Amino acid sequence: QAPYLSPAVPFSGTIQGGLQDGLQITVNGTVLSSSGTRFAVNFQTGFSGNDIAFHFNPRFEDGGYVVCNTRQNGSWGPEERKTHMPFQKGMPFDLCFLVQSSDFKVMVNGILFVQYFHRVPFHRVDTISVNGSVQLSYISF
(Lines of atoms letter the chains of each structure in order from A and count residues from 1; the text may use other names and numbers.)
(Lines give C-alpha, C1' and ligand atoms only; values in the text may rest on other atoms or scores of the structure.)
Protein backbone atom coordinates (compact mmCIF):
# COMPACT_ATOMS: atom_id res chain seq x y z
CA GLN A 1 0.00 0.00 0.00
CA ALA A 2 1.18 3.53 -0.85
CA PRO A 3 2.18 5.77 2.06
CA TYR A 4 0.17 8.69 3.42
CA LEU A 5 2.34 11.74 2.85
CA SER A 6 2.12 14.83 5.07
CA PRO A 7 -1.27 13.86 6.49
CA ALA A 8 -2.87 16.63 8.57
CA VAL A 9 -3.40 15.92 12.26
CA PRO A 10 -5.86 14.72 13.50
CA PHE A 11 -5.56 11.94 10.85
CA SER A 12 -7.26 8.75 10.06
CA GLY A 13 -6.63 6.32 7.22
CA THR A 14 -7.21 2.75 6.13
CA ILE A 15 -4.66 -0.03 6.34
CA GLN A 16 -5.27 -1.92 3.09
CA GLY A 17 -6.84 -5.22 4.05
CA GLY A 18 -6.11 -4.77 7.77
CA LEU A 19 -3.38 -5.65 10.25
CA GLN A 20 -1.41 -8.81 9.48
CA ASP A 21 1.32 -10.80 11.25
CA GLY A 22 4.66 -9.28 10.13
CA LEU A 23 3.11 -6.00 8.88
CA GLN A 24 5.35 -3.05 9.79
CA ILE A 25 3.84 0.45 10.00
CA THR A 26 6.16 3.48 10.13
CA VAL A 27 4.99 6.80 11.51
CA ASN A 28 7.54 9.52 10.81
CA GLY A 29 7.09 13.06 12.08
CA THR A 30 8.09 15.72 14.53
CA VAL A 31 6.90 16.20 18.09
CA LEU A 32 5.86 19.86 18.34
CA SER A 33 7.95 21.90 20.77
CA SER A 34 5.02 23.78 22.38
CA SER A 35 1.65 22.69 21.10
CA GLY A 36 0.49 20.57 24.01
CA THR A 37 1.78 17.70 26.06
CA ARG A 38 0.48 14.49 24.44
CA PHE A 39 0.02 12.70 21.13
CA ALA A 40 -1.42 9.32 20.15
CA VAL A 41 -1.12 6.69 17.46
CA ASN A 42 -4.27 4.48 17.41
CA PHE A 43 -4.84 1.18 15.65
CA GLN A 44 -8.56 0.78 15.42
CA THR A 45 -11.47 -0.89 13.73
CA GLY A 46 -13.11 1.63 11.41
CA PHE A 47 -13.32 5.39 11.81
CA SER A 48 -15.30 5.79 15.06
CA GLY A 49 -12.53 5.57 17.74
CA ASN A 50 -14.75 3.46 20.04
CA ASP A 51 -12.73 0.32 19.31
CA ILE A 52 -9.07 1.05 19.52
CA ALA A 53 -7.07 -2.18 19.60
CA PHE A 54 -3.85 -0.38 20.50
CA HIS A 55 -3.56 3.24 21.70
CA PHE A 56 0.07 4.37 22.01
CA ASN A 57 0.08 7.67 23.90
CA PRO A 58 3.24 9.55 24.92
CA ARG A 59 2.57 12.20 27.54
CA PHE A 60 5.03 14.97 28.29
CA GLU A 61 3.53 15.19 31.79
CA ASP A 62 5.02 14.34 35.21
CA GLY A 63 8.47 14.23 33.61
CA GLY A 64 7.16 12.06 30.82
CA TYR A 65 5.62 8.64 30.32
CA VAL A 66 3.83 6.61 27.65
CA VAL A 67 0.35 5.12 28.07
CA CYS A 68 -0.53 1.93 26.15
CA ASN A 69 -4.16 0.85 26.28
CA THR A 70 -7.19 -0.65 24.48
CA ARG A 71 -10.64 0.85 24.10
CA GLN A 72 -13.48 -1.65 23.73
CA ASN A 73 -17.08 -0.72 22.97
CA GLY A 74 -16.29 2.79 24.15
CA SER A 75 -14.51 1.64 27.37
CA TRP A 76 -10.83 2.12 28.17
CA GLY A 77 -9.15 -0.91 29.74
CA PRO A 78 -6.32 -1.08 32.29
CA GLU A 79 -3.41 1.17 31.21
CA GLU A 80 0.04 -0.24 30.69
CA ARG A 81 2.34 2.72 31.50
CA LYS A 82 5.95 2.87 30.47
CA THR A 83 7.70 5.30 32.83
CA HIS A 84 10.31 6.06 30.14
CA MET A 85 9.92 8.97 27.66
CA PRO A 86 11.89 8.21 24.47
CA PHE A 87 10.74 11.36 22.61
CA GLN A 88 11.80 14.96 22.85
CA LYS A 89 9.54 17.93 22.24
CA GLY A 90 10.56 19.71 19.02
CA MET A 91 12.50 16.73 17.64
CA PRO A 92 11.86 14.43 14.69
CA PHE A 93 11.00 10.80 15.40
CA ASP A 94 10.58 7.61 13.55
CA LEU A 95 8.15 5.12 15.10
CA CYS A 96 7.74 1.60 13.83
CA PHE A 97 4.89 -0.72 14.81
CA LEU A 98 5.54 -4.41 14.16
CA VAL A 99 2.43 -6.55 14.24
CA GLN A 100 3.09 -10.09 15.52
CA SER A 101 0.60 -12.90 16.32
CA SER A 102 0.66 -12.33 20.11
CA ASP A 103 1.75 -8.69 20.36
CA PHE A 104 2.70 -5.33 18.89
CA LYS A 105 6.29 -4.32 19.25
CA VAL A 106 7.11 -0.61 19.02
CA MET A 107 10.51 0.57 17.85
CA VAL A 108 11.42 4.21 18.44
CA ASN A 109 14.18 5.59 16.22
CA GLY A 110 15.24 2.08 15.30
CA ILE A 111 15.11 0.41 18.73
CA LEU A 112 12.38 -1.71 20.48
CA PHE A 113 10.72 0.44 23.15
CA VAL A 114 7.66 -1.49 24.16
CA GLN A 115 5.73 -4.66 23.71
CA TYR A 116 1.96 -4.73 23.98
CA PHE A 117 0.11 -8.08 23.97
CA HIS A 118 -3.10 -8.18 21.89
CA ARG A 119 -6.28 -7.77 23.94
CA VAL A 120 -8.61 -8.04 20.92
CA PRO A 121 -8.06 -9.98 17.68
CA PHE A 122 -5.64 -7.97 15.50
CA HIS A 123 -6.56 -9.21 11.99
CA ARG A 124 -9.77 -7.17 12.33
CA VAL A 125 -8.11 -3.75 12.82
CA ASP A 126 -7.98 -1.82 9.57
CA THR A 127 -7.42 1.89 10.44
CA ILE A 128 -4.62 4.09 11.80
CA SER A 129 -5.39 7.41 13.47
CA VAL A 130 -3.05 10.04 14.86
CA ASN A 131 -3.92 13.00 17.11
CA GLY A 132 -2.31 15.57 19.42
CA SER A 133 0.99 17.46 19.58
CA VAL A 134 2.66 16.13 16.43
CA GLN A 135 3.21 17.01 12.82
CA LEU A 136 3.43 14.05 10.42
CA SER A 137 5.77 13.59 7.46
CA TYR A 138 4.58 10.11 6.48
CA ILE A 139 2.91 6.82 7.44
CA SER A 140 4.26 3.86 5.48
CA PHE A 141 3.51 0.11 5.30
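We call the rigid core the largest set of C-alpha positions that still match within 1.5 Å between the two forms. The numbering used is simple: start at 1 and walk along the sequence shown.
Displacement analysis by core superposition in 8 other deposited structures of this protein ranks 27 to 35 above the other of 58 to 66 and 27 to 35 in root-mean-square C-alpha distance from the shown form.
Mean C-alpha B-factor is higher over 119 to 127 than over the other stretch, the pair under comparison being 119 to 127 and 7 to 15. On average the C-alpha atoms of 21 to 29 have higher B-factors than those of the other stretch, with 21 to 29 and 128 to 136 being the two compared. Set against one another, the Cα B-factors of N69, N73, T37, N42 in the record reach their highest point at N73.
When the modelled residues of the chain are ordered by C-alpha B-factor, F113 sits in the middle third. In this PDB entry, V99 carries a Cα temperature factor that places it within the highest third of its chain's modelled residues. Ranked within its chain, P78 lands in the middle third, by CA B factor from the PDB record. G49 sits in the highest third of its chain by CA B factor, as recorded in the PDB entry. Ranked against the other modelled residues of its chain, the C-alpha B-factor of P58 as given in the entry falls in the lowest third.
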